[PDB]
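Colleague: All I have is the shape, not the residue letters:
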Ligand SMILES: Cc1cc2nc3c(=O)[nH]c(=O)nc-3n(C[C@H](O)[C@H](O)[C@H](O)COP(=O)(O)OP(=O)(O)OC[C@H]3O[C@@H](n4cnc5c(N)ncnc54)[C@H](O)[C@@H]3O)c2cc1C
Ligand SMILES: NC(=O)c1ccc[n+]([C@@H]2O[C@H](COP(=O)([O-])OP(=O)(O)OC[C@H]3O[C@@H](n4cnc5c(N)ncnc54)[C@H](OP(=O)(O)O)[C@@H]3O)[C@@H](O)[C@H]2O)c1
Ligand SMILES: Cc1cc2nc3c(=O)[nH]c(=O)nc-3n(C[C@H](O)[C@H](O)[C@H](O)COP(=O)(O)O)c2cc1C
């Protein structure tokens, strides 16, 4: 592991009074942290972002040694209300700890989604725990909602945050504005092709000469063994991929996740270089104008613009308000420069404009640059404002017991008409779809979704659509525990699709698993073969009687995977309704009964 030296001392030697910590998994908490950090400057202060995993939060008790010190926590909730992987140490510390944080000023902005069981469990916990330890709070806990518009929640929070900080402290709004760069463009008018980054994530040339172990910092270029179309119809594109993980010493069980690092669309990369009048084949690097940080570049350098745009940056998701504000200065046409600046707006017509014209219309960077022709920003700066391309996760669709050498992926390619007028393409899926048996930089993330330990326990699997991914592994494995002489309890699947002749995923394989008894019951819900919708819940409601026999008397485990928005919630109320009917109890006590099955490892979600 190896922690970094005391962050308070580091702040002392750099004149920083505020540190902002990020509990990120996909770069959102990290992004917010960075914005708040650089914000401090225009308020008579100097901030600093930081990954908790790299430090000993115990040093928190030292922040008081710095004048007008402040710690902010931008945390995201994940798993069953669990903290993000980098926040684990911290979360764990917060508990065992006895430390006295007297004199510590803090504030917490949490990132969650009401769509889940444990809304901002992590954020709410950090804010609550630090106060117990003795630290004082200088601002109300923030509850951003990804389900609605997380970006806006953060803005209204940030808008109220700083003034309170300013008030509590002597500081105040200093000067007009800023427009300060984090990096310096050092053009390498000529450099050694062997010292140039071509798209690897960690060590230089790590993609070329592979060498275990492999992880998020060191992905394993797995070869694409197969890429099969699963959908019968033409409405959408659902595909099956098999990645060759031989000689990678990678370990995985059914239920785990596989992460992939994709490549943006080149037409979209080139057009950005083209409208910007820039040459993407310029070799360069952007070194931190702060020679005191670890983050020397905002991505592997030296590299070419083309490379950063292709493998290191996000050019398809809607630009955040701060990025747009920073760009406004490049709009020659004043009316256009207005719209841009006014989208960072505190609220009002501007907050209406950004939400509909950019987010709803789902305008990526290039689209903006096209609708505001007077906006031509220098390319080296745009690269500094663009967020990093994140790896995409997929629920490994195979069993290690059976395919220890391969990691399968069941996915639906994203492609749609945006409202922006253009057709959007899903980064990872469009990329995977183009792979023809072909390497995919990947890596596995251990999950909590797991078959039960004793092969005899009954399992109920509810996975509509692609939510069947992990279950293909589960079944593959149980089919194994039977072919292997072991005794297996009932294995039930509640799958759903549109029509059996359109997107019945794994129709054939699933039939074999039924004609062999690996699948006790194969209960499929064809949502569009009749005027009314027939969903999994309905099948569940139908078998209410038997399901209570496996749940209440059989000690069966419940697994739900798929859509979190509705399916998960719907499928849940049904289980409440079931329990509330059999071995009768009030509603309220049926929900507590159910919520108590998820606690005891018998009701697992993965949405
Ligand atoms: C733990 C985990 C497991 C997953 N398992 C699977 C799996 O087994 N199978 C599978 O197919 N996917 C799975 N996903 C989804 C997967 O990670 C990708 O999101 C999906 O493949 C698309 O990625 P993309 O990069 O191609 O799309 P992106 O370019 O990243 O775009 C996706 C975003 O576009 C937006 N969007 C999508 N459609 C529309 C529309 N019509 N209108 C407006 N906005 C839209 C949404 O904000 C969405 O978040 C999983 C995700 C997680 C976190
Ligand atoms: N977190 C994870 O581990 C994980 C794993 C796999 C997938 N996912 C996610 O789940 C989503 C699945 O997309 P998909 O295209 O593959 O599924 P889908 O095709 O959109 O839907 C699958 C089936 O479910 C039905 N359905 C729709 N609303 C429902 C509800 N409220 N209750 C019960 N059934 C409902 C559909 O019927 P109708 O279309 O007719 O309405 C259809 O028959 C993706 O956004 C993906 O990100 C997450
Ligand atoms: C698999 C998954 C699980 C999630 N679990 C939770 C959760 O338990 N609670 C919550 O409030 N939000 C949950 N969210 C919402 C995210 O925490 C929200 O999108 C957050 O902004 C992501 O932050 P990051 O980019 O910093 O990792 C989940 C999102 C995903 C994709």
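Modeller: Happy to help now that I have it. Numbers count the residues shown, from 1 in each chain. Ligands and ions are numbered 1, 2, ... in the order given.

Colleague: ok, which residues in the protein are in contact with ligand 1?
Modeller: Neighbours of ligand 1 within the chain, by Cβ under 6 Å from any ligand atom: 257, 316, 362, 392-395, 410-412, 414, 416, 426-430, 466, 469. For the C-beta atoms, the positions are set from N, CA and C on the backbone; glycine is no exception.

Colleague: go with 5 Å
Modeller: Residues of the chain found near ligand 1 (Cβ under 5 Å from any ligand atom) are 392-395, 411-412, 414, 416, 426-429, 466, 469.

Colleague: Mind picking the two most distant members of these?
Modeller: When the residues of the chain next to ligand 1 are compared pair by pair using Cβ to Cβ, the farthest-apart members prove to be 395 and 416, with a separation of 22.4 Å.

Colleague: can you tell me how far residue 330 sits from residue 316?
Modeller: Between residue 330 and residue 316 the distance, using Cβ to Cβ, to the nearest Å, works out to 21 Å.

Colleague: repeat for residue 81
Modeller: Distance, residue 81 to residue 316, using Cβ to Cβ: 30 Å.

Colleague: Tell me which of the two has more neighbours.
Modeller: Neighbours were counted for residue 81 and for residue 316 using other Cβ atoms under 10 Å; residue 316 has more, 19 against 16.

Colleague: ok, that one touching residue 427?
Modeller: Yes. Taking Cβ atoms under 8 Å as the definition, residue 316 is a contact partner of residue 427 at 5.8 Å.

Colleague: Now for the two: what residues contact both?
Modeller: 264-265 (Cβ atoms under 8 Å, 6 or more residues apart in numbering).

Colleague: what's near enough to touch residue 160?
Modeller: Residues counted as contacts of residue 160 (Cβ under 8 Å, 6+ apart) are residue 139.

Colleague: so after the helix or strand hosting it, what's the next helix or strand?
Modeller: Per DSSP states H and E: residue 160 is located in helix 150-168. Moving toward the C-terminus from helix 150-168, the first helix or strand encountered (DSSP H and E) is strand 183-185.

Colleague: What residues sit buried inside that next one?
Modeller: Buried positions in strand 183-185, judged by neighbour count with 16 or more other Cβ atoms under 10 Å: 183, 185.

Colleague: what packs against the helix or strand immediately after that strand in the chain?
Modeller: Tracing the chain C-terminally past strand 183-185 and defining elements by DSSP H and E, one meets strand 220-229 next. Here strand 220-229 is seen to pack against strand 238-244, strand 439-445 when contacts are counted using 3 or more Cβ pairs under 8 Å, 6 or more residues apart in numbering; DSSP states H and E.

Colleague: ok, is the last one in contact with ligand 2 or not?
Modeller: No. Judged by Cβ under 5 Å from any ligand atom, strand 439-445 and ligand 2 are separated, with a smallest distance of 11.1 Å.

Colleague: List the contacts of that strand.
Modeller: The set of residues external to strand 439-445 that reach it, using Cβ under 8 Å, 6+ apart, is 85, 201, 207, 214-216, 218-224, 241, 243, 245, 250-252, 256-261, 391, 393, 396, 407, 432.

Colleague: With the first one instead?
Modeller: Contacts with strand 238-244, where a contact means Cβ under 8 Å, 6+ apart, come from 222-231, 258, 397-398, 403, 405-413, 429, 432-433, 435, 440, 442, 466, 503, 505-506.

Colleague: pretty sure residue 478 is touching residue 459, no?
Modeller: Yes. Taking contacts as Cβ under 8 Å, residue 478 lies within contact range of residue 459: 7.5 Å.

Colleague: Now do the shared contacts for these two.
Modeller: Counting by Cβ under 8 Å, 6+ apart, the contacts common to residue 478 and residue 459 are 451, 491.

Colleague: tell me which parts of the stretch 101-250 of the chain are close to ligand 3?
Modeller: 111-113, 116, 118-120, 146.

Colleague: Correction: the previous question concerned the chain.
Modeller: Taking Cβ under 5 Å from any ligand atom as the test, the list of the chain residues beside ligand 3 reads 24-26, 28-29, 76-78, 81, 111-113, 116, 118-120, 146.

Colleague: Select only the buried ones of those in ChimeraX?
Modeller: Command for ChimeraX, covering only those of these found buried under the criterion 16+ other Cβ under 10 Å:
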select :24,25,26,28,29,76,77,78,81,111,112,113,116,119,120,146
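
Colleague: Mind checking which of the residues of the chain next to ligand 3 land in strands?
Modeller: Counting by DSSP state E, the part of the residues of the chain next to ligand 3 found in strands is 76-78, 111-112.

Colleague: Of all the residues in this protein, which one is nearest ligand 1?
Modeller: With distances taken as Cβ to the nearest ligand atom, the chain approaches ligand 1 most closely at residue 426, which sits 2.4 Å away.

Colleague: Would you mind stating the distance between residue 598 and ligand 3?
Modeller: Spatial separation of residue 598 from ligand 3 under the definition Cβ to the nearest ligand atom, to the nearest Å is 12 Å.

Colleague: I believe that residue is in a helix; please confirm or correct that.
Modeller: Yes. Assignment of residue 598 by DSSP: H, G, I helix; E, B strand; the rest coil places it within a helix.

Colleague: Spit out the contact partners of the closest residue to residue 469 other than its chain neighbours.
Modeller: With Cβ to Cβ, 6 or more residues apart in numbering as the measure, residue 395 is the residue that lies nearest to residue 469, at 3.9 Å, once sequence neighbours are left out. Counting by Cβ under 8 Å, 6+ apart, residue 395 touches 255-258, 410, 447, 449, 469-470, 473, 561, 606.

Colleague: now swap in residue 432 and tell me
Modeller: If you count contacts by Cβ under 8 Å, 6+ apart, then residue 432 has 227, 239, 241, 260, 262, 409, 411, 413, 440 around it.

Colleague: Could you do residue 496 as well?
Modeller: By Cβ under 8 Å, 6+ apart, the residues touching residue 496 are 464-465, 524-527, 534-536.

Colleague: Could you report the separation of it from residue 576?
Modeller: Taking Cβ to Cβ as the criterion, residue 496 is separated from residue 576 by 20 Å.

Colleague: same deal with residue 550?
Modeller: 17 Å.

Colleague: Please say which of these two ends up with more neighbours.
Modeller: Neighbours were tallied for residue 550 and for residue 576 using other Cβ under 10 Å; the higher tally belongs to residue 550 (21 against 18).

Colleague: hang on, the earlier thing: make a PyMOL selection of the buried ones in the contacts of residue 432.
Modeller: Buried subset of the contacts of residue 432, written as a PyMOL selection, criterion 16+ other Cβ under 10 Å:
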select buried, resi 227+239+241+260+262+409+411+413+440
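
Colleague: What is the nearest of the contacts of residue 432 to residue 487?
Modeller: Set against residue 487, the nearest of the contacts of residue 432 by Cβ to Cβ is residue 409 (31.2 Å).
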